[PDB]
Amino acid sequence: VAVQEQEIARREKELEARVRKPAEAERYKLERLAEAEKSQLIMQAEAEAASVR
Amino acid sequence: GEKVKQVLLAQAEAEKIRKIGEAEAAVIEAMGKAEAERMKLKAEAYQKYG
């Protein structure tokens, strides 16, 4: 029982590094990569619009 | 790099259409004046036919 009372404190740290931290890193990646996709599409839109006018 | 390139080449396409349009207008105008001289001379000669 004492061994598993320490297994709790274990998983609480392992899960932070295995489950939480990478999901949080993925969120930051997705956000700053989305700004780049948007930036390229607005610049491309302006180019196509200028080419038409 | 994609934007500046597309814009520069779109201006080239527009410059070509404008230059060709102006050259064409000068030819159409000149050709009309020459053709009108045919019609006038042909008429001034035909009007005298017996």
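All of the numbers you see were taken from the coordinates with simple rules; none came from a lab. Please note: Cβ atoms are built from the backbone with ideal geometry, for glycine as well, and neighbour counts cover all protein chains shown.
Say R0 is 30 Å: what FRET efficiency, to the nearest 0.05, do B:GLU37 and B:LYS16 get from their beta-carbon distance? Taking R0 as 30 Å, the efficiency between B:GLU37 and B:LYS16 is 0.40.
Tell me, what is the FRET efficiency for A:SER51 and A:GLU31 to the nearest 0.05, using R0 = 30 angstrom and their Cβ-Cβ distance as r? Could the numbers behind the result be given before it?
Details: r = 31 Å, r/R0 = 1.03.
For A:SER51 and A:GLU31, the calculated efficiency is 0.45.
When A:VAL3, B:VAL27 are arranged by Cβ crowding within 10 Å, least crowded first, meaning fewest neighbours, the order is A:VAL3, B:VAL27.
The angle between the Cα long axis of helix A:2-15 and the main principal axis of chain A comes to about 10°, on a 0 to 90 degree scale.
Once the Cβ-Cβ distance of A:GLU24 and B:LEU9 is raised to the sixth power relative to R0 = 35 Å, the FRET efficiency obtained is 0.20. Kirkwood analysis of the Cα pair distances in chain A returns a hydrodynamic radius of 14.7 Å.
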